[PDB]
Amino acid sequence: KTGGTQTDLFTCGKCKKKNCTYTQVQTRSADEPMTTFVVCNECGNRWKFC
Ligand SMILES: [Zn+2]
């Protein structure tokens, strides 16, 4: 009950598995382009990629 998709491109930094979700948002406006964040659906370890 969050707003992301199961992608499994990056591993977590704890559970060391492949069940991470990512979202592609672009901070303030849709003309100030994308940022890719990756969040583990398992323990909740999150980091970014861009
Ligand atoms: Zn984790």
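Reconstructed Cβ throughout: ideal geometry from the backbone, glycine too, with neighbour counts over all protein chains shown. Each value in this text was obtained by applying a stated rule to the coordinates, not by laboratory testing.
Tabulated data
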{"quantity": "Flag for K17 being out of contact with any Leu (no Cβ under 9 Å at 6 or more places or on another chain) and free of Cβ contacts under 8 Å to residues at least 12 places away in the same chain", "calculated": "no"}
{"quantity": "Cβ pairs under 9 Å, 6+ apart, first in region 21-50 and more than 17 Å from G3 (Cα to Cα), second part of a strand (DSSP E or B) and among the polar types (S, T, N, Q)", "calculated": "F49/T35; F49/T36; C50/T35; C50/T36"}
{"quantity": "All strands (runs of 3 or more DSSP E) inside the chain with 1 or more residues being within 16 Å of the ligand (Cβ to nearest atom), loosely packed, with under 13 Cβ neighbours inside 10 Å and of a type in the set (K, R)", "calculated": "46-48"}
{"quantity": "Unique residue being of a type in the set (V, I, T) and more than 10 Å from the chain's Cα centre (by Cα) when the list is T36, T2, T21, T7", "calculated": "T2"}
